[PDB]
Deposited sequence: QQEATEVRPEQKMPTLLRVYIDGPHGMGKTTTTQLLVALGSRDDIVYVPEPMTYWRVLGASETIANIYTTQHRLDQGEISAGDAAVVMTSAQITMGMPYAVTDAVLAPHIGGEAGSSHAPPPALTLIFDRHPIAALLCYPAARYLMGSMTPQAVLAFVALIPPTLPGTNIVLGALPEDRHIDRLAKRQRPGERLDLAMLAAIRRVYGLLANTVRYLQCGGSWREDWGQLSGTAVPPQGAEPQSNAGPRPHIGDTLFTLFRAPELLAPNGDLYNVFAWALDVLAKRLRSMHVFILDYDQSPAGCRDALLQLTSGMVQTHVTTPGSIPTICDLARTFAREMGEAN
């Protein structure tokens, strides 16, 4: 039985995610390692035009008081649906080939993904929500749509001090981006809350029993994503969340619970970061594929994605 290893490099933008994985795959590691790049072409052309631009422009006009939060929210929402679509469809076709977890044993194939579905379906929307360009109900709608967590979902979140992050953020500006530190802070905070949420849950956390603590390495509820959703728009007159919104948080918990997060330190040289990623790989969960044909089908799948939707990896 062959094994597949799936790694999702994620975290806030402009940290060294692209720089470090492209070096990772640049070790001449046969054909057993494949890199699935950010689908910039989908975002800029295929799905709609200059979406990244659309987003950064829209937050700007909002900040300059040129549009209402309502108008911002509508645009931001449709924008995000577009951002994550490539994520969703890939995961959707990759589902029927992922079998149970085979412990931590030569992975016949290794997929290094650039971002996991939660990035566009949960992480960014939540930041926009913090930036005032997204409604909490809009966020929970994406949450309710997050696909079931597949076995062996290894997510590598990054770590890098604010100052060094800003510098690197400056050097690399995606086509249509605008330097927005407020967003840099929101995105950073959301990702921190996420990692904590996983831990909190994996240590027996139950958002329902701890909800009262809000209503006033062993992270408490207050240090998790759940705090964001204690907004007035979501609270019934009796002070409890409405059942729809509670169930969404339930689904949030079910999805996050079974994810394996690792924290790659980026505060170092491209070589080092590459080595560290590689070092982490040793301890990541592998899984068996459902059919003998899965590996080639999967190998080719990634290749097709990368070819058709990557700008330059």
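In sequence order, the gaps in C-alpha coverage of the deposited chain fall at 1-12, 117-119, 232-246.
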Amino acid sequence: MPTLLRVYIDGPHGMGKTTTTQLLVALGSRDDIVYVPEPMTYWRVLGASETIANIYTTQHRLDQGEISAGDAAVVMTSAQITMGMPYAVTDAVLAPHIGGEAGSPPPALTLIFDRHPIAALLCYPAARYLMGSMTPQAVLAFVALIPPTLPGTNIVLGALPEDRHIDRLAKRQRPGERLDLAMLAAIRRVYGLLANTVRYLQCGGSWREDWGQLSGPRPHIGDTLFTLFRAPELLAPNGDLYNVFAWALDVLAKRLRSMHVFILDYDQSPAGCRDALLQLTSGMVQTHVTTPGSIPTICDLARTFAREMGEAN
From here on, numbers count along this sequence of modelled residues.
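Under this definition, the rigid core comprises the largest set of C-alpha atoms superposing within 1.5 Å between the forms.
Each structure in 4 other deposited structures of this protein is fitted to the shown form on the rigid core, and of 232-240 and 126-134 the C-alphas lie farther away on average for 232-240.
Once the structures in 4 other deposited structures of this protein are superposed via the core, the pair 80-88 and 217-225 is resolved in favour of 217-225 as the more displaced stretch (C-alpha RMS). Compared with the other entries of this protein, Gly192 is consistently built, present in every one of those that build its neighbours rather than absent from a third. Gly205 is built in all of the other entries compared, counting only those with both neighbours built, so it is not a gap in a third.
Per-stretch averaging of Cα B factors for 76-84 and 177-185 places 177-185 on top.
Here the stretch with the larger average CA B-factor, out of 106-114 and 195-203, is 106-114. In this structure the maximum Cα B-factor among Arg30, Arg61, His260, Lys254 is found at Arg30. Going by the entry's values, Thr281 shows the largest Cα B-factor out of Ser49, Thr281, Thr41, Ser68.
Ranked against the other modelled residues of its chain, the C-alpha B-factor of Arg168 as given in the entry falls in the highest third. The entry lists a Cα temperature factor for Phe245 that places it in the middle third of the chain's modelled residues. Among all modelled residues in its chain, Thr287 ranks in the middle third by Cα B-factor. In the deposited entry, the Cα temperature factor of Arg218 places it in the highest third of its chain's modelled residues. Among the modelled residues of its chain, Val7 has a C-alpha B-factor that falls in the lowest third, as given in the PDB entry.
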